[PDB]
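Have a look at upload_31.tsv; it's TSV, N, CA and C atoms:
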```tsv
chain	number	residue	atom	x	y	z
A	224	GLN	N	-7.26	-7.03	6.48
A	224	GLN	CA	-7.13	-8.20	7.29
A	224	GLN	C	-5.99	-9.00	6.79
A	225	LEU	N	-5.01	-8.36	6.17
A	225	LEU	CA	-3.89	-8.97	5.57
A	225	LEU	C	-2.87	-7.89	5.57
A	226	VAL	N	-1.79	-8.19	4.85
A	226	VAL	CA	-0.75	-7.34	4.41
A	226	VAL	C	0.13	-6.97	5.49
A	227	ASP	N	1.34	-6.75	5.05
A	227	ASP	CA	2.40	-6.30	5.85
A	227	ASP	C	2.89	-5.31	4.93
A	228	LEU	N	3.78	-4.49	5.45
A	228	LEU	CA	4.19	-3.34	4.73
A	228	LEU	C	4.82	-3.65	3.43
A	229	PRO	N	5.68	-4.58	3.17
A	229	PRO	CA	6.19	-4.72	1.83
A	229	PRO	C	5.14	-5.16	0.92
A	230	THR	N	4.31	-6.04	1.45
A	230	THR	CA	3.37	-6.71	0.65
A	230	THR	C	2.40	-5.73	0.09
A	231	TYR	N	2.00	-4.78	0.94
A	231	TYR	CA	1.31	-3.64	0.48
A	231	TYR	C	2.07	-2.78	-0.49
A	232	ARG	N	3.28	-2.45	-0.05
A	232	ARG	CA	3.95	-1.30	-0.57
A	232	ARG	C	4.27	-1.41	-1.96
A	233	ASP	N	4.91	-2.53	-2.18
A	233	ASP	CA	5.51	-2.80	-3.41
A	233	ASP	C	4.46	-3.26	-4.31
A	234	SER	N	3.58	-4.12	-3.76
A	234	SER	CA	3.14	-5.18	-4.59
A	234	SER	C	1.71	-5.13	-4.63
A	235	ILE	N	1.15	-4.14	-3.97
A	235	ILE	CA	-0.22	-3.92	-4.06
A	235	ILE	C	-0.29	-2.52	-4.55
A	236	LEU	N	0.43	-1.58	-3.91
A	236	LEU	CA	0.25	-0.18	-4.18
A	236	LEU	C	0.60	0.24	-5.55
A	237	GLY	N	1.74	-0.27	-6.05
A	237	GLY	CA	2.15	-0.12	-7.43
A	237	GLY	C	1.01	-0.38	-8.36
A	238	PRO	N	0.46	-1.58	-8.25
A	238	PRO	CA	-0.69	-1.99	-8.99
A	238	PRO	C	-1.82	-1.06	-8.87
A	239	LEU	N	-2.15	-0.57	-7.68
A	239	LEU	CA	-3.31	0.27	-7.66
A	239	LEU	C	-3.16	1.50	-8.46
A	240	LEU	N	-2.02	2.17	-8.24
A	240	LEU	CA	-1.90	3.48	-8.79
A	240	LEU	C	-1.91	3.60	-10.25
A	241	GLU	N	-1.26	2.66	-10.98
A	241	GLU	CA	-1.42	2.68	-12.42
A	241	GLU	C	-2.84	2.55	-12.79
A	242	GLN	N	-3.52	1.62	-12.12
A	242	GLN	CA	-4.84	1.28	-12.46
A	242	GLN	C	-5.74	2.40	-12.36
A	243	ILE	N	-5.57	3.16	-11.30
A	243	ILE	CA	-6.30	4.35	-11.09
A	243	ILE	C	-6.10	5.36	-12.17
A	244	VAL	N	-4.85	5.62	-12.58
A	244	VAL	CA	-4.69	6.76	-13.44
A	244	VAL	C	-5.13	6.52	-14.82
A	245	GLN	N	-5.11	5.27	-15.30
A	245	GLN	CA	-5.52	5.10	-16.65
A	245	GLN	C	-6.92	4.70	-16.68
A	246	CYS	N	-7.51	4.31	-15.52
A	246	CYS	CA	-8.88	3.90	-15.56
A	246	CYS	C	-9.81	5.02	-15.80
A	247	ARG	N	-9.47	6.23	-15.29
A	247	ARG	CA	-10.21	7.45	-15.48
A	247	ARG	C	-11.57	7.52	-14.85
A	248	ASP	N	-12.24	6.37	-14.55
A	248	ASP	CA	-13.63	6.29	-14.15
A	248	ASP	C	-13.79	6.95	-12.85
A	249	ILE	N	-14.39	8.15	-12.86
A	249	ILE	CA	-14.46	9.04	-11.75
A	249	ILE	C	-15.25	8.41	-10.67
A	250	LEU	N	-16.40	7.77	-11.00
A	250	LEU	CA	-17.29	7.11	-10.08
A	250	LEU	C	-16.55	6.03	-9.39
A	251	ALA	N	-15.79	5.27	-10.18
A	251	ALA	CA	-14.99	4.25	-9.61
A	251	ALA	C	-13.92	4.77	-8.74
A	252	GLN	N	-13.21	5.80	-9.22
A	252	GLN	CA	-12.04	6.34	-8.61
A	252	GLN	C	-12.38	6.85	-7.27
A	253	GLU	N	-13.46	7.59	-7.17
A	253	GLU	CA	-13.86	8.13	-5.92
A	253	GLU	C	-14.17	7.07	-4.90
A	254	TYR	N	-15.02	6.07	-5.24
A	254	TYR	CA	-15.34	5.05	-4.28
A	254	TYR	C	-14.14	4.28	-3.86
A	255	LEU	N	-13.42	3.78	-4.83
A	255	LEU	CA	-12.40	2.83	-4.57
A	255	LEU	C	-11.27	3.33	-3.79
A	256	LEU	N	-10.91	4.58	-4.10
A	256	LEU	CA	-9.83	5.27	-3.50
A	256	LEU	C	-10.19	5.42	-2.13
A	257	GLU	N	-11.46	5.74	-1.88
A	257	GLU	CA	-11.98	5.78	-0.57
A	257	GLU	C	-11.83	4.48	0.05
A	258	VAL	N	-12.04	3.35	-0.63
A	258	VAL	CA	-11.83	2.12	0.04
A	258	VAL	C	-10.45	1.97	0.47
A	259	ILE	N	-9.48	2.35	-0.35
A	259	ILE	CA	-8.11	2.33	0.07
A	259	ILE	C	-7.95	3.15	1.30
A	260	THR	N	-8.54	4.34	1.24
A	260	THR	CA	-8.40	5.36	2.21
A	260	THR	C	-8.85	4.87	3.50
A	261	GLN	N	-10.03	4.25	3.45
A	261	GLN	CA	-10.79	3.81	4.54
A	261	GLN	C	-10.05	2.78	5.24
A	262	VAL	N	-9.51	1.87	4.45
A	262	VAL	CA	-8.99	0.66	4.90
A	262	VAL	C	-7.62	0.75	5.53
A	263	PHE	N	-6.71	1.55	4.96
A	263	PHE	CA	-5.31	1.39	5.27
A	263	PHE	C	-4.67	2.46	6.10
A	264	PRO	N	-3.54	2.20	6.70
A	264	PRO	CA	-2.78	3.09	7.51
A	264	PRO	C	-2.38	4.32	6.90
A	265	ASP	N	-2.53	5.42	7.62
A	265	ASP	CA	-1.98	6.64	7.17
A	265	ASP	C	-0.52	6.57	7.30
A	266	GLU	N	0.07	5.84	8.25
A	266	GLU	CA	1.46	5.54	8.23
A	266	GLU	C	1.92	4.87	7.00
A	267	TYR	N	1.15	3.94	6.44
A	267	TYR	CA	1.59	3.18	5.30
A	267	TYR	C	1.64	4.17	4.21
A	268	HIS	N	0.60	4.98	4.22
A	268	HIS	CA	0.34	6.05	3.32
A	268	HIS	C	1.43	7.02	3.38
A	269	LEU	N	1.92	7.23	4.61
A	269	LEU	CA	2.95	8.09	5.03
A	269	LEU	C	4.17	7.67	4.33
A	270	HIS	N	4.31	6.37	4.08
A	270	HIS	CA	5.53	5.89	3.52
A	270	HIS	C	5.46	5.90	2.06
A	271	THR	N	4.29	6.21	1.55
A	271	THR	CA	4.00	6.14	0.18
A	271	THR	C	3.50	7.43	-0.32
A	272	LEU	N	3.64	8.46	0.49
A	272	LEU	CA	2.97	9.72	0.35
A	272	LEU	C	3.19	10.35	-0.95
A	273	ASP	N	4.44	10.33	-1.28
A	273	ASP	CA	5.04	10.99	-2.35
A	273	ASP	C	4.50	10.49	-3.66
A	274	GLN	N	4.29	9.17	-3.68
A	274	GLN	CA	3.64	8.45	-4.71
A	274	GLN	C	2.24	8.86	-4.80
A	275	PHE	N	1.63	9.01	-3.61
A	275	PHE	CA	0.25	9.33	-3.50
A	275	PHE	C	0.02	10.64	-4.13
A	276	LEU	N	0.81	11.64	-3.77
A	276	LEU	CA	0.57	12.94	-4.27
A	276	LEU	C	0.83	12.97	-5.71
A	277	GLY	N	1.83	12.19	-6.18
A	277	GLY	CA	2.04	12.20	-7.59
A	277	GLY	C	0.93	11.56	-8.34
A	278	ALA	N	0.16	10.66	-7.73
A	278	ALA	CA	-1.05	10.11	-8.30
A	278	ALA	C	-2.13	11.10	-8.34
A	279	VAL	N	-2.21	11.90	-7.28
A	279	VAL	CA	-3.10	13.00	-7.09
A	279	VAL	C	-2.94	13.99	-8.21
A	280	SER	N	-1.73	14.08	-8.76
A	280	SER	CA	-1.44	15.04	-9.77
A	280	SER	C	-2.05	14.72	-11.08
A	281	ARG	N	-2.54	13.48	-11.23
A	281	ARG	CA	-2.93	12.93	-12.50
A	281	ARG	C	-4.35	12.46	-12.50
A	282	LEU	N	-5.36	13.37	-12.54
A	282	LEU	CA	-6.74	12.93	-12.50
A	282	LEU	C	-7.68	13.77	-13.31
A	283	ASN	N	-8.88	13.17	-13.52
A	283	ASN	CA	-10.03	13.74	-14.15
A	283	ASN	C	-10.65	14.43	-12.98
A	284	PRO	N	-10.83	15.72	-12.94
A	284	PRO	CA	-11.00	16.41	-11.67
A	284	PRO	C	-12.43	16.43	-11.29
A	285	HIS	N	-13.24	15.57	-11.90
A	285	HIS	CA	-14.62	15.39	-11.55
A	285	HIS	C	-14.63	14.46	-10.40
A	286	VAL	N	-13.49	13.77	-10.20
A	286	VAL	CA	-13.10	13.20	-8.95
A	286	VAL	C	-12.93	14.34	-7.98
A	287	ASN	N	-13.48	14.26	-6.74
A	287	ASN	CA	-13.26	15.28	-5.73
A	287	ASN	C	-12.32	14.75	-4.72
A	288	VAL	N	-11.06	14.76	-5.17
A	288	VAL	CA	-9.88	14.42	-4.46
A	288	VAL	C	-9.75	15.31	-3.29
A	289	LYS	N	-10.22	16.57	-3.40
A	289	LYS	CA	-10.06	17.57	-2.38
A	289	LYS	C	-10.62	17.05	-1.12
A	290	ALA	N	-11.81	16.46	-1.19
A	290	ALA	CA	-12.40	15.81	-0.08
A	290	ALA	C	-11.59	14.67	0.38
A	291	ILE	N	-11.08	13.84	-0.55
A	291	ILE	CA	-10.37	12.64	-0.22
A	291	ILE	C	-9.18	12.91	0.61
A	292	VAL	N	-8.44	13.89	0.14
A	292	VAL	CA	-7.24	14.40	0.63
A	292	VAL	C	-7.53	14.99	1.90
A	293	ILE	N	-8.63	15.71	1.97
A	293	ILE	CA	-9.04	16.32	3.17
A	293	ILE	C	-9.30	15.31	4.18
A	294	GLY	N	-9.97	14.22	3.80
A	294	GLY	CA	-10.34	13.19	4.70
A	294	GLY	C	-9.13	12.60	5.26
A	295	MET	N	-8.10	12.53	4.44
A	295	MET	CA	-6.80	12.14	4.79
A	295	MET	C	-6.22	13.10	5.73
A	296	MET	N	-6.35	14.40	5.49
A	296	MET	CA	-5.75	15.37	6.33
A	296	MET	C	-6.27	15.26	7.67
A	297	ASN	N	-7.56	15.02	7.77
A	297	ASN	CA	-8.25	14.82	8.99
A	297	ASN	C	-7.77	13.67	9.72
A	298	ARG	N	-7.55	12.57	9.01
A	298	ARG	CA	-7.12	11.34	9.56
A	298	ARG	C	-5.79	11.52	10.17
A	299	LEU	N	-4.96	12.24	9.43
A	299	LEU	CA	-3.71	12.65	9.93
A	299	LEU	C	-3.85	13.58	11.07
A	300	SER	N	-4.85	14.47	11.09
A	300	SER	CA	-5.04	15.47	12.10
A	300	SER	C	-5.22	14.88	13.45
A	301	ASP	N	-6.07	13.84	13.57
A	301	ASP	CA	-6.28	13.21	14.85
A	301	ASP	C	-5.07	12.54	15.35
A	302	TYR	N	-4.32	11.89	14.45
A	302	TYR	CA	-3.04	11.36	14.81
A	302	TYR	C	-2.07	12.41	15.24
A	303	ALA	N	-2.10	13.51	14.52
A	303	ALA	CA	-1.09	14.50	14.50
A	303	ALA	C	-0.87	15.14	15.82
A	304	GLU	N	-1.94	15.45	16.59
A	304	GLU	CA	-1.73	16.02	17.89
A	304	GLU	C	-1.42	14.93	18.90
A	305	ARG	N	-1.53	13.64	18.50
A	305	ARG	CA	-1.30	12.48	19.32
A	305	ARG	C	0.09	12.27	19.80
A	387	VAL	N	10.32	14.20	8.57
A	387	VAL	CA	9.40	14.44	7.50
A	387	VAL	C	9.06	15.86	7.21
A	388	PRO	N	9.17	16.32	5.98
A	388	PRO	CA	8.74	17.65	5.62
A	388	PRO	C	7.47	17.45	4.86
A	389	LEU	N	6.48	16.79	5.50
A	389	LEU	CA	5.25	16.38	4.89
A	389	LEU	C	4.58	17.51	4.25
A	390	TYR	N	4.54	18.65	4.97
A	390	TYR	CA	3.92	19.85	4.52
A	390	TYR	C	4.59	20.25	3.29
A	391	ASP	N	5.93	20.29	3.23
A	391	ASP	CA	6.60	20.81	2.09
A	391	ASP	C	6.23	20.02	0.93
A	392	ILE	N	6.29	18.70	1.06
A	392	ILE	CA	6.13	17.77	0.01
A	392	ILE	C	4.84	18.01	-0.62
A	393	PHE	N	3.87	18.08	0.25
A	393	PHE	CA	2.55	18.25	-0.16
A	393	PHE	C	2.35	19.57	-0.69
A	394	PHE	N	2.98	20.58	-0.11
A	394	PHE	CA	2.90	21.93	-0.51
A	394	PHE	C	3.32	22.10	-1.88
A	395	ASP	N	4.47	21.57	-2.28
A	395	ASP	CA	5.06	21.73	-3.58
A	395	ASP	C	4.05	21.20	-4.52
A	396	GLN	N	3.51	20.07	-4.07
A	396	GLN	CA	2.45	19.44	-4.75
A	396	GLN	C	1.24	20.33	-4.76
A	397	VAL	N	0.85	21.04	-3.72
A	397	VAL	CA	-0.38	21.77	-3.74
A	397	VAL	C	-0.46	22.77	-4.81
A	398	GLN	N	0.60	23.52	-5.02
A	398	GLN	CA	0.64	24.41	-6.11
A	398	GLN	C	0.58	23.70	-7.33
A	399	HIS	N	1.37	22.62	-7.39
A	399	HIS	CA	1.49	21.90	-8.59
A	399	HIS	C	0.18	21.44	-9.02
A	400	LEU	N	-0.56	20.97	-8.05
A	400	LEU	CA	-1.82	20.40	-8.13
A	400	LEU	C	-2.78	21.31	-8.62
A	401	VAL	N	-2.69	22.54	-8.10
A	401	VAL	CA	-3.62	23.54	-8.47
A	401	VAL	C	-3.43	23.71	-9.90
A	402	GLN	N	-2.19	23.72	-10.32
A	402	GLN	CA	-1.90	23.64	-11.69
A	402	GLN	C	-2.28	22.37	-12.40
A	403	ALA	N	-2.17	21.21	-11.75
A	403	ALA	CA	-2.34	19.95	-12.40
A	403	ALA	C	-3.73	19.58	-12.62
A	404	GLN	N	-4.57	20.30	-11.93
A	404	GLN	CA	-5.95	20.28	-12.12
A	404	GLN	C	-6.08	21.72	-12.19
A	405	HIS	N	-7.21	22.28	-11.80
A	405	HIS	CA	-7.29	23.68	-11.52
A	405	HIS	C	-8.42	23.80	-10.63
A	406	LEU	N	-8.44	24.91	-9.88
A	406	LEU	CA	-9.28	24.99	-8.74
A	406	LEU	C	-10.13	26.20	-8.83
A	407	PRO	N	-11.44	26.08	-8.56
A	407	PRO	CA	-12.24	27.15	-8.04
A	407	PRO	C	-11.61	27.43	-6.75
A	408	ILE	N	-11.45	28.70	-6.60
A	408	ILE	CA	-10.49	29.25	-5.75
A	408	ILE	C	-10.70	28.81	-4.31
A	409	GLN	N	-11.95	28.67	-3.85
A	409	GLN	CA	-12.27	28.27	-2.50
A	409	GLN	C	-11.76	26.97	-2.04
A	410	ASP	N	-11.77	25.96	-2.92
A	410	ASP	CA	-11.53	24.58	-2.60
A	410	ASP	C	-10.21	24.47	-2.02
A	411	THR	N	-9.34	25.21	-2.68
A	411	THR	CA	-7.99	25.40	-2.37
A	411	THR	C	-7.88	26.00	-1.03
A	412	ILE	N	-8.70	27.01	-0.74
A	412	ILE	CA	-8.65	27.66	0.54
A	412	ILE	C	-9.06	26.79	1.61
A	413	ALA	N	-10.10	26.01	1.35
A	413	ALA	CA	-10.62	25.11	2.28
A	413	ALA	C	-9.59	24.12	2.67
A	414	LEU	N	-8.83	23.69	1.68
A	414	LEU	CA	-7.71	22.86	1.88
A	414	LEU	C	-6.69	23.51	2.69
A	415	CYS	N	-6.51	24.79	2.49
A	415	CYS	CA	-5.63	25.58	3.25
A	415	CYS	C	-5.97	25.71	4.66
A	416	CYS	N	-7.25	25.82	4.99
A	416	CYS	CA	-7.68	25.88	6.35
A	416	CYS	C	-7.31	24.65	7.06
A	417	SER	N	-7.56	23.52	6.38
A	417	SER	CA	-7.30	22.19	6.84
A	417	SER	C	-5.88	21.93	6.92
A	418	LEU	N	-5.13	22.51	5.97
A	418	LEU	CA	-3.71	22.47	5.89
A	418	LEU	C	-3.24	23.06	7.12
A	419	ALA	N	-3.88	24.17	7.52
A	419	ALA	CA	-3.55	24.71	8.78
A	419	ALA	C	-3.87	23.80	9.90
A	420	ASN	N	-5.07	23.23	9.92
A	420	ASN	CA	-5.45	22.45	11.06
A	420	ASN	C	-4.64	21.23	11.29
A	421	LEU	N	-4.39	20.47	10.23
A	421	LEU	CA	-3.47	19.40	10.23
A	421	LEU	C	-2.03	19.75	10.50
A	422	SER	N	-1.48	20.77	9.80
A	422	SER	CA	-0.07	21.11	9.83
A	422	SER	C	0.32	21.52	11.18
A	423	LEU	N	-0.58	22.27	11.85
A	423	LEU	CA	-0.52	22.70	13.23
A	423	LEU	C	-0.40	21.52	14.10
A	424	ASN	N	-1.21	20.48	13.82
A	424	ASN	CA	-1.38	19.45	14.79
A	424	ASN	C	-0.16	18.61	14.76
A	425	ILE	N	0.43	18.38	13.57
A	425	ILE	CA	1.62	17.59	13.58
A	425	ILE	C	2.73	18.47	14.02
A	426	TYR	N	2.65	19.70	13.54
A	426	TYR	CA	3.76	20.54	13.56
A	426	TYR	C	3.29	21.77	14.09
A	427	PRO	N	3.51	22.11	15.31
A	427	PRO	CA	2.77	23.23	15.80
A	427	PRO	C	3.59	24.44	15.60
A	428	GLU	N	3.96	24.63	14.33
A	428	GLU	CA	4.42	25.80	13.71
A	428	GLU	C	5.03	25.27	12.47
A	429	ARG	N	6.01	26.06	12.00
A	429	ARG	CA	6.77	26.09	10.81
A	429	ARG	C	6.12	27.15	10.07
A	430	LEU	N	6.54	28.38	10.41
A	430	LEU	CA	6.05	29.68	10.02
A	430	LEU	C	6.19	29.93	8.59
A	431	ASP	N	7.17	29.23	8.10
A	431	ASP	CA	7.53	29.08	6.76
A	431	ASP	C	6.36	28.45	6.08
A	432	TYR	N	5.65	27.51	6.75
A	432	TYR	CA	4.41	27.03	6.24
A	432	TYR	C	3.48	28.09	6.22
A	433	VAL	N	3.53	28.78	7.35
A	433	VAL	CA	2.37	29.48	7.70
A	433	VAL	C	2.10	30.57	6.81
A	434	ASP	N	3.15	31.32	6.61
A	434	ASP	CA	3.27	32.22	5.59
A	434	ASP	C	3.23	31.49	4.34
```
Before anything else, please render the file you have as structure tokens.
Amino acid sequence: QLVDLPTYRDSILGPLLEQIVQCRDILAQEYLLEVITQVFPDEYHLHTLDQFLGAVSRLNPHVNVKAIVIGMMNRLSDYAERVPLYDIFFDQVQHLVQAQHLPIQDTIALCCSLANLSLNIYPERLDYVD
């Protein structure tokens, strides 16, 4: 019920992300991040994506970011059928898998969604696809 893009961008988001990564509190991280998630524009997010994913790279993986991200993907998905986002995220996805590590499915599940979302924004990029 506030904020404009700079006010968010610079001056709120900066603050959040440090706080998140050193706070470590998984219970907190999951809820709160969700509050961010819940509350704010995927466009805003869109403009901050890169930061986002780099935050994603740095967690106690008892946080289930996969869902969070997924929820995001979904959020994007509905918009999407309505940027090399995929690439960005992609580079990150591997990285991520590395930056945490994955029981193999989670990743796949993300992949399915990656498909569903990526399709919807981008109804191809075979380069993705493959």
Exercise for review: Using all atoms listed in the file, determine which residues lie at most 6 Å from region 273-285 of chain A, disregarding the query and same-chain residues fewer than 4 positions distant; provide the list as an NGL selection string.
Suggested key: :A and (244 or 249 or 400 or 403)
Assuming 3 Å of padding per side, give the centre and edge lengths of the axis-aligned box around every listed atom of region 250-265 of chain A, in Å to one decimal and as JSON.
```
{"center_x": -8.9, "center_y": 4.4, "center_z": -1.7, "size_x": 22.8, "size_y": 13.5, "size_z": 24.6}
```
Check your understanding: Separation of CA of residue 268 (chain A) and atom N of residue 232 (chain A), in Å?
Key ->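 About the pair CA of residue 268 (chain A) and atom N of residue 232 (chain A): they are 9.6 Å apart.
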**Study point:** Shell around residue 390 (chain A) at 10 Å using only C-alpha atoms, local window under 2 positions removed, as a PyMOL selection string
**Key:** chain A and resi 387-388+392-397+418-419+421-422+425-426+429+432
Review point. Looking at only C-alpha atoms, which of A:226, A:236, A:288, A:272 is the one that sits closest to residue 253 (chain A)?
Key: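 Smallest separation from residue 253 (chain A) among the options: A:288.
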Exercise for review: Would you work out the distance separating CA of residue 304 (chain A) from CA of residue 424 (chain A), expressed in Å to one decimal?
Suggested key: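 Separation between CA of residue 304 (chain A) and CA of residue 424 (chain A): 4.6 Å.
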Point to revise | Pairwise distance for CA of residue 267 (chain A) and CA of residue 401 (chain A), rounded to one decimal in Å | key: 25.1 Å
Review point. Would you give me, as an MDAnalysis selection string, the residues in chain A that DSSP reads as alpha helix (DSSP H)?
Key: chainID A and resid 228:234 236:246 249:262 265:269 272:279 288:303 389:403 408:425 430:433
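Each of A:417, A:412, A:301, A:264 was compared to residue 227 (chain A) using only C-alpha atoms, and A:264 turns out to be the nearest.
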Check your understanding: For residue 224 (chain A), which residue out of A:409, A:402, A:256, A:262 is the nearest one, using only N, CA and C atoms?
Key ->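 Checking each candidate against residue 224 (chain A), we get A:262 as the closest.
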Practice item. Find the residues near residue 265 (chain A): any atom within 7 Å, counting all atoms listed in the file, skip ones fewer than 4 places away on the same chain, and give them as a list in words. Key: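 My list of contacting residues is residues 269, 270, 298 and 299 of chain A.
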Review point. Out of A:255, A:405, A:391, A:414, which residue has the shortest atom-to-atom distance to residue 430 (chain A) when counting only C-alpha atoms?
Key: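 Ranking A:255, A:405, A:391, A:414 by distance to residue 430 (chain A), first place goes to A:391.
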Mind rebuilding region 405-422 of chain A with N, CA, C and O atoms and writing that out as a tab-separated table (two decimals), in the coordinates of the input?
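Output (result.tsv):
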```
chain	number	residue	atom	x	y	z
A	405	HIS	N	-7.21	22.28	-11.80
A	405	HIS	CA	-7.29	23.68	-11.52
A	405	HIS	C	-8.42	23.80	-10.63
A	405	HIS	O	-9.21	22.87	-10.51
A	406	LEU	N	-8.44	24.91	-9.88
A	406	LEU	CA	-9.28	24.99	-8.74
A	406	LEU	C	-10.13	26.20	-8.83
A	406	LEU	O	-9.63	27.31	-8.99
A	407	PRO	N	-11.44	26.08	-8.56
A	407	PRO	CA	-12.24	27.15	-8.04
A	407	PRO	C	-11.61	27.43	-6.75
A	407	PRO	O	-10.99	26.56	-6.13
A	408	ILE	N	-11.45	28.70	-6.60
A	408	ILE	CA	-10.49	29.25	-5.75
A	408	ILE	C	-10.70	28.81	-4.31
A	408	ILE	O	-9.73	28.58	-3.60
A	409	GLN	N	-11.95	28.67	-3.85
A	409	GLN	CA	-12.27	28.27	-2.50
A	409	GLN	C	-11.76	26.97	-2.04
A	409	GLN	O	-11.50	26.81	-0.86
A	410	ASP	N	-11.77	25.96	-2.92
A	410	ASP	CA	-11.53	24.58	-2.60
A	410	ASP	C	-10.21	24.47	-2.02
A	410	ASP	O	-9.98	23.79	-1.03
A	411	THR	N	-9.34	25.21	-2.68
A	411	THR	CA	-7.99	25.40	-2.37
A	411	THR	C	-7.88	26.00	-1.03
A	411	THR	O	-7.04	25.59	-0.25
A	412	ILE	N	-8.70	27.01	-0.74
A	412	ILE	CA	-8.65	27.66	0.54
A	412	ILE	C	-9.06	26.79	1.61
A	412	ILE	O	-8.50	26.83	2.67
A	413	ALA	N	-10.10	26.01	1.35
A	413	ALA	CA	-10.62	25.11	2.28
A	413	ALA	C	-9.59	24.12	2.67
A	413	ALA	O	-9.46	23.73	3.82
A	414	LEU	N	-8.83	23.69	1.68
A	414	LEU	CA	-7.71	22.86	1.88
A	414	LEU	C	-6.69	23.51	2.69
A	414	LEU	O	-6.02	22.89	3.47
A	415	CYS	N	-6.51	24.79	2.49
A	415	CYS	CA	-5.63	25.58	3.25
A	415	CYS	C	-5.97	25.71	4.66
A	415	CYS	O	-5.10	25.73	5.51
A	416	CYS	N	-7.25	25.82	4.99
A	416	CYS	CA	-7.68	25.88	6.35
A	416	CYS	C	-7.31	24.65	7.06
A	416	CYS	O	-6.86	24.70	8.18
A	417	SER	N	-7.56	23.52	6.38
A	417	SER	CA	-7.30	22.19	6.84
A	417	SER	C	-5.88	21.93	6.92
A	417	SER	O	-5.43	21.17	7.76
A	418	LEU	N	-5.13	22.51	5.97
A	418	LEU	CA	-3.71	22.47	5.89
A	418	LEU	C	-3.24	23.06	7.12
A	418	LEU	O	-2.32	22.55	7.71
A	419	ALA	N	-3.88	24.17	7.52
A	419	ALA	CA	-3.55	24.71	8.78
A	419	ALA	C	-3.87	23.80	9.90
A	419	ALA	O	-3.05	23.62	10.79
A	420	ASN	N	-5.07	23.23	9.92
A	420	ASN	CA	-5.45	22.45	11.06
A	420	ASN	C	-4.64	21.23	11.29
A	420	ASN	O	-4.13	21.00	12.38
A	421	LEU	N	-4.39	20.47	10.23
A	421	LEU	CA	-3.47	19.40	10.23
A	421	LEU	C	-2.03	19.75	10.50
A	421	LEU	O	-1.35	19.06	11.26
A	422	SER	N	-1.48	20.77	9.80
A	422	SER	CA	-0.07	21.11	9.83
A	422	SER	C	0.32	21.52	11.18
A	422	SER	O	1.36	21.11	11.64
```
